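Methodologically, a virtual Cβ is constructed for each residue, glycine included, from the backbone with ideal geometry; neighbour enumeration extends over all protein chains shown. Since every read-out is calculated from the coordinates, none of them should be taken as a lab result.
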Amino acid sequence: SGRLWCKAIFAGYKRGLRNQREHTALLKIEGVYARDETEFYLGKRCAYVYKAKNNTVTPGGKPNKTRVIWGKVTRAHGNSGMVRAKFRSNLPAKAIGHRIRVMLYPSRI
Amino acid sequence: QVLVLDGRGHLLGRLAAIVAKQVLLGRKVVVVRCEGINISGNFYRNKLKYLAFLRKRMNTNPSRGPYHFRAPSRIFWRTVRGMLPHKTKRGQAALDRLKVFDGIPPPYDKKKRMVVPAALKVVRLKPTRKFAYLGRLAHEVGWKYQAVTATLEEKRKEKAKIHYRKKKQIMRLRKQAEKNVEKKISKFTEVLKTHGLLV
Amino acid sequence: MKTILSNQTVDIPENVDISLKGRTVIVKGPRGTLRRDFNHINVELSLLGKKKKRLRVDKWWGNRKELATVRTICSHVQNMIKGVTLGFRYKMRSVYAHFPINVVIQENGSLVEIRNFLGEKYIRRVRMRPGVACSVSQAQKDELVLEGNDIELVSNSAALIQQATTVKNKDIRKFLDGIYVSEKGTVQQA
Amino acid sequence: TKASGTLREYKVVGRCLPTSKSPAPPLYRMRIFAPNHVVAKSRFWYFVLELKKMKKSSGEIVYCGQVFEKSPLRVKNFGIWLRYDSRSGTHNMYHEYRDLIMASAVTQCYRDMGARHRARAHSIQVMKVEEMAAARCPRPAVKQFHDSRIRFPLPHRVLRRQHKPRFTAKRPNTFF
Amino acid sequence: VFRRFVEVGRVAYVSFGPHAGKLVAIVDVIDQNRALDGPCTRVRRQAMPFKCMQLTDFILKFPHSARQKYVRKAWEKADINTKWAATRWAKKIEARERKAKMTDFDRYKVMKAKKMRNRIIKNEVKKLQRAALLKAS
Amino acid sequence: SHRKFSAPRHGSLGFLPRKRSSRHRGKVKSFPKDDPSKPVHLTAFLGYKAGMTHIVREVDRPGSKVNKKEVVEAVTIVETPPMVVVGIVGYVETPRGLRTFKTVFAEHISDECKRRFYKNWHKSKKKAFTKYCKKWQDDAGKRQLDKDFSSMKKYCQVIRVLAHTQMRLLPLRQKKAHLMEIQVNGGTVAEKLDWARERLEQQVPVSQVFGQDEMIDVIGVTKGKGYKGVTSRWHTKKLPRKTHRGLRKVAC
RNA sequence: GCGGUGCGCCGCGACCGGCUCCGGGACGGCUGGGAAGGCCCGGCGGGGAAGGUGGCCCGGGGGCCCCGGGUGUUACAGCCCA
RNA sequence: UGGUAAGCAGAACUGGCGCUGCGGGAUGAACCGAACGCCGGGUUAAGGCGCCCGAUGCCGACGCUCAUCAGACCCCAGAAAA
RNA sequence: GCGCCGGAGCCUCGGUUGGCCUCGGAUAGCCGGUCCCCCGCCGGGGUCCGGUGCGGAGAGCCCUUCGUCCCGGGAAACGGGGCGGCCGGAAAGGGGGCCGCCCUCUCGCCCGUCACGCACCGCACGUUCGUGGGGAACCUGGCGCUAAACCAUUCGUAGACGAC
């Protein structure tokens, strides 16, 4: 009936000032604003939900237009609740400042 | 989903530095009452700083040159514009989300306006330092519609005062009808206070 | 150093009843109510004792630029106390060499014309500040009188007629002529 | 030296590895205010060399222990005699501080000699730190705290924790 | 205009730091922005800055250099630990900690109460608005 | 190196987009500032330059060497047939500038005023204001037209009156009249709007705007002279005949 | 059934091992055999001064109720030391 | 060493650039860090951590400073006597 | 063959996964409550009481929904759903509030009894905003529209040519 994932923002890639490393993404999870509070979300699965033109098969039932690139919150970033997530396919940078879902279900509570 | 930030008392670059970053994270921001924004240091320094900005024009065709936007909304827009990569297609995707206003145009005059406390003159300046209202700056450097805005601004300062008077009037009825009904919500008040809502 | 505390008491009399609206001190008495706002100055204003016989201005953790903003507030309120009881009368006199300066008084106190200054055809309308009354005393030669409550507005309105009469493109050591502030006093006495 | 963190006061004694003339040279003690024991023994040789014909190689460090606080809960006046290198010549200064701890007051001195005069810990030479009677302290900056019934509010409470909402409804107060 | 003052014996409430949530008594003022003990609330005699302590309306009468034996006396004599707890500040401090420990089932048991406790007051406030309407017309 | 001998700059930069006027009928760029201590009046008119002739008059001024001697001064004739008011327009005051609120045209509009709404009058079926005019001959239409004044004397601040030139009373080739918004400056906004609505479908002569011996502003488009060169346009120095490619151009 | 090899594409859990950044436990060594402090009653005896507690005044805060100054080693608080 | 000096001319010692990417100093042959097969994980240097721009969104510590020409990072890019 | 009002499939743009309908504003001060009282046409004054690390809290509020049913208790009758008007707003106007009523029920909401719904056999983009945004169209109905621009010609207030 309700939402079973937390709001994250694909803010950027793991980048220096003049070099970006696309294989590691930076996830701004809404709610957590320090490394104090980042402890829960480490090792959690995080999905980039997008929809395209051509239909693709879905695990559960009928083929939708909606797709994902799956991920995994690797470890905490910076000092302000930013987190590093490493995706199985390196995210497209059209998704910069768009909604990707930090899930709950590599649960350890 | 939309930030409706108030501009009254906020600092020029401090609010810009926090707006510009939120908008890059795909948060639609509305900064309102930008005449209320003030800039640190005395007025005459900030006057000279913008007069120094006016003097900088493309010598061979000023119409091509730097567009010195004189409205406080567009002095706030341009200071945010400097804190965005406005050449790239992610940084122009940003500015399209930002929506800046002189006064409080509807539909934003009947929405609760948020405050950035990390960009506020009471929080960030000393009470013995000096500041410069963007209303006085813009007007004296060539903004026309301050005395237009300030009279439309004085309409809703009467209209919203009636709304608040009409809302205190309904909260007095709640501080009467929480009390008449105190005996038959007694089960429903305790469990709120065991888990710490009305304590 | 940051001086931990600096205070000075203004002993407000029985005839003058002052109050404070945050830090906007209002001063009423025999000849009008004077208000002045101190939003800028950043001090504690305490009105203590029954019948409120002393105002007390403090300054917690004040440096040298901010300790000098205590006795100014003392003297501001003390001038406010003076002007509310005794008033401010600035008797200013007309100095000339040859041409007698004709000063006629217009618009029930406010506007003051100055004819024939250094033999000039140009009449000079000087309006006084709102709440300052100008008069010319008789059986005299050369005398103006201002009358008011706020010292800020009486001298400001006197400075308007002292700088109305400046001698342009000359040696002002020889051409001494002009309307200058001769005497600083009050209307009625203690 | 680098006046890093809070300085620890070390007692460093030492003497000359023996001559045929003097079989046992005199033991020389010093109050060294150092971040750690390693640089305390380095700063020991600096001053002793300035005073005697006692270098590091023609000498030995005998004891190196931190002289701790004998009253770290009592508020005390401290009078530090300085010798700092300005951009033109050196100057003898007498400065006064107010701390529980001697080493903390010399830490509080190193920041202050940097703050007001832009002198670094290499320029500065702390020659004497003497705990002072409350009536023997000249500066009014430290004297002003010598009132039995001292009483001040915290007038303009500039709130920190500014980025905990980052976006709020209420304008924050400062008359707490 | 000020009510609370940094005076020897004032109970101040430690907001942040390692002693966040404990009461402390101001024994002596060291500096402009640094003070010097809360013997009954498990706070050792220590130097601590003014920034971290939110100073209350409790002064308990003992001298500035007095050792921790004579802080504990004037503390318990004034009876601060029970005088604190009954104040509406201390109550909403330990209402904040209850709402923190609100279990997902406790979140349910309050929500079902929230609804029925507010489903009545929308009815009852509306009936009060006829008491404003009956007098007019 | 520097300018050897100083000269004032040829022409002004205070108009320098020297292009074809974007409007043939000269727009009033700004109307006079008003104070409601005056009566209601039209602030402008719309005339046609007929020609140019002499005068003889006795100069009434102290001091001059031509004190009550006869001056032959040049005068223009502007044929000003009395304009007909066919509408009113409200302008609300916005912080983005000044926005038009609502245009309310009159019941009947003359065929000369109709022509201005068209390009090809001959080819058209002339159907303009056939369904707008119907809001005047039914009581259902009237109340909205009255509510368009009820919701204009309240909201709007600047009120201008739509007038047109009566092209019938001119010796010109053309018939297509010239519309113009004349700002009604004078008393309060309700008094101003209860005035112009009474003046709707009515004649406005020139005596009821302009009085004699009055200084006024003439807003007219300059006479077109086509693609003229820099010595013809900017009035620079001609080069001294020995020049190769031309002597009627700017050197540097 | 027992070994070997592998899944059509898409996924997933598991324990072991390598290397990792952490987090919480718990034990101990040394020191001026830590310095301080806590609790035992400020163990008996002075003496010292002060950022002077009590007692006496001065002006003012009241229908006699408390702060500012001055006194001085004790007093209905405390501080340091011999 | 010559020359008032020079991004000038001429030596010594080493290290560079040339022949060489790389991280930083916005930019730059030489400066600072560090020299390179192709990659994933981790950690650093020199430098930074309002925003562009990864990183202080620490409830960082104590002072200093008002500029009607503010100040702001080796080489390095605006000043003296007074 | 088009405009407003009232079936079923296909194309294609993707982002989103409960909303907060508002005092003004102060900062060495504020917030909310009221008799003696001056005005303004019920407010705004002085007064007095409470809140003040803001609990009439954005550290927040409201709303939170597996569903259905029978049997009882709290709770609602001043309510619940859907028509005609009643009436509120121009700065970038709004979809609200309130009443009469044709009107349908004592269901919603809080406990507890009692029962069942592909119980899809440990597993993914589920869950909404969404009768979304634009794009050709198809059935089937009502109520209403019949224009203009450009060229060509002409002018000469215009003009290199266009434009005007």
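Where a Cα-Cα gap under 15 Å defines reach, which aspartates and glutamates qualify for E:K122, not counting those fewer than 8 residues away within the same chain?
Partners within reach: B:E178, B:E182.
Mind checking the mean number of beta-carbon atoms from other chains within 10 Å of the Cβ atoms in B:113-125? Numbers along the way, then the final one.
On the way: counts 1, 5, 7, 6, 12, 7, 2, 5, 0, 7, 7, 2, 1.
What the average comes to for B:113-125 is 5.
Can you check how the C-alpha radius of gyration of segment A:20-78 compares to 2.2 N^0.38 Å, as a plain ratio?
Working: Rg = 15.0 Å, N = 59, 2.2 N^0.38 = 10.4 Å.
Dividing the Cα radius of gyration by 2.2 N^0.38 Å gives 1.45.
Ignoring the sites themselves, what is the longest stretch of chain F with no GluC sites (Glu not before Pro) in a DSSP loop and at most 11 other beta-carbon atoms within 10 Å?
Numbers: sites that count: F:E73, F:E198, F:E214.
That gives F:74-197 as the longest site-free run.
Roughly how far apart, in whole Å, are the Cα centres of segment C:69-136 and segment B:30-97?
47
Write down the Å³ per residue value for the convex hull defined by the alpha carbon atoms of segment F:192-240.
Numbers: hull volume 9.7 nm³, N = 49.
Here the figure is 199 Å³ per residue.
Based on alpha-carbon atoms only, what is the radius of gyration of the protein assembly as shown relative to the globular estimate 2.2 N^0.38 Å? Let's see the in-between values first.
Working: Rg = 41.7 Å, N = 1063, 2.2 N^0.38 = 31.1 Å.
So the Cα radius of gyration is 1.34 times the expected 2.2 N^0.38 Å.
Pairing the Cα long axis of helix D:37-51 with the longest principal axis of chain D, what angle in degrees results, from 0 to 90 and rounded to the nearest 10?
That works out to roughly 60 degrees.
For a Förster distance of 51 Å, can you work out the FRET efficiency between the beta-carbons of E:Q129 and D:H117, rounded to the nearest 0.05? Write out the running numbers ahead of the final one.
Numbers: r = 72 Å, r/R0 = 1.41.
With a Förster radius of 51 Å, E is 0.10.
Rg(Cα) of chain E divided by 2.2 N^0.38 Å? Before the final figure, lay out each step's value.
Values: Rg = 22.5 Å, N = 137, 2.2 N^0.38 = 14.3 Å.
It is 1.58.
Just to be sure I understand the model, the point goes 7 Å from the Cα along the line to the Cβ. What's the resulting C:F99 to F:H122 distance in nm?
A separation of 7.8 nm, rounded to one decimal place.
Only counting other Cβ atoms within 10 Å, I'd like D:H146, D:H37 sorted with the fewest neighbours first.
Details: D:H146 13, D:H37 16.
Taking fewest neighbouring Cβ atoms as first place, the list is D:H146, D:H37.
With n ≥ 4 as the cut-off for DSSP H runs, can you work out [θ] at 222 nm for chain B, using -39500 (n - 2.57) per run divided by the number of residues, rounded to the nearest 500? Walk me through the intermediate numbers first.
Values: 8 runs with 101 residues, N = 199.
The helix-only estimate for chain B comes to -16000 deg cm²/dmol at 222 nm.
Identify the chymotrypsin sites (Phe, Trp or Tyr not before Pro) of segment F:1-57 meeting these criteria: DSSP loop state and at most 14 other C-beta atoms within 10 Å of the C-beta. Show your work: numbers first, answer last.
Values: sites: F:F5, F:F15, F:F45, F:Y48; in loops: F:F5, F:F15, F:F45.
Answer in residue order: F:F5, F:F15.
With no solvent and one point per C-alpha, what does the Debye sum give as log10 I(q)/I(0) for chain A at q = 0.11, 0.13 Å⁻¹?
Each listed q maps to, in turn, -0.36, -0.49.
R0 = 41 Å: FRET efficiency of E:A100 with A:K51, Cβ-based, nearest 0.05?
Step by step, r from the Cβ atoms, then E = 0.55.
Using modelled backbone amide H atoms (1.01 Å from N, in-plane), which distant-in-sequence or interchain residues come within less than 5 Å of D:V12's amide H?
Answer set, sorted by chain and number: D:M30, D:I32.
Once you have the Cα-Cα distance between B:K166 and B:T151, take 0.36 nm times their residue separation minus that, and quote the gain in nm to one decimal. Please report the intermediate quantities before stating the final value.
Details: separation 15, 0.36 × 15 = 5.40 nm, distance 2.30 nm.
Value of the extension gain: 3.1 nm.
So how far apart, in nm, are the two label points at F:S1 and C:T9 if each is 7 Å from Cα heading toward Cβ?
That separation, rounded to one decimal, is 8.2 nm.
Over the Cα atoms of segment F:93-252, each weighted equally, I'd like the Debye log10 I(q)/I(0) at q = 0.10 Å⁻¹, rounded to two decimals.
Relative scattering, expressed as log10 I(q)/I(0), comes to -0.62.
Just want the ordering: D:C109, D:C137, F:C252, from fewest to most Cβ atoms lying within 10 Å of their own Cβ.
F:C252, D:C137, D:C109
How do F:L200, A:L42 line up, fewest other C-beta atoms within 10 Å first? Can you show the working numbers first?
Details: F:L200 18, A:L42 15.
Fewest-to-most Cβ neighbours within 10 Å comes out as A:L42, F:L200.
Per residue Cα convex hull volume for segment D:3-69, in cubic angstrom? The partial results should precede the final answer.
Working: hull volume 5.3 nm³, N = 67.
In segment D:3-69, the Cα convex hull volume per residue is 79 Å³.
Go through segment B:90-96 residue by residue and turn each phi into a ³J(HN,Hα) via Karplus (6.51, -1.76, 1.60, θ = phi - 60°); whole Hz please, and just put x for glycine and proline.
7, x, 8, 4, 5, 3, 4
Would you work out the relative contact order for segment B:1-65, in percent, from Cα pairs under 8 angstrom that are 6 or more residues apart? It would help to have the intermediate numbers written out before the result.
Details: 56 pairs, mean separation 23.9, N = 65.
Worked out over segment B:1-65, it gives 37 percent.
Using a simple spin-label model with points 7 Å from Cα along the Cα→Cβ vector, what separation in nm is obtained for F:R57 and D:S88?
7.9
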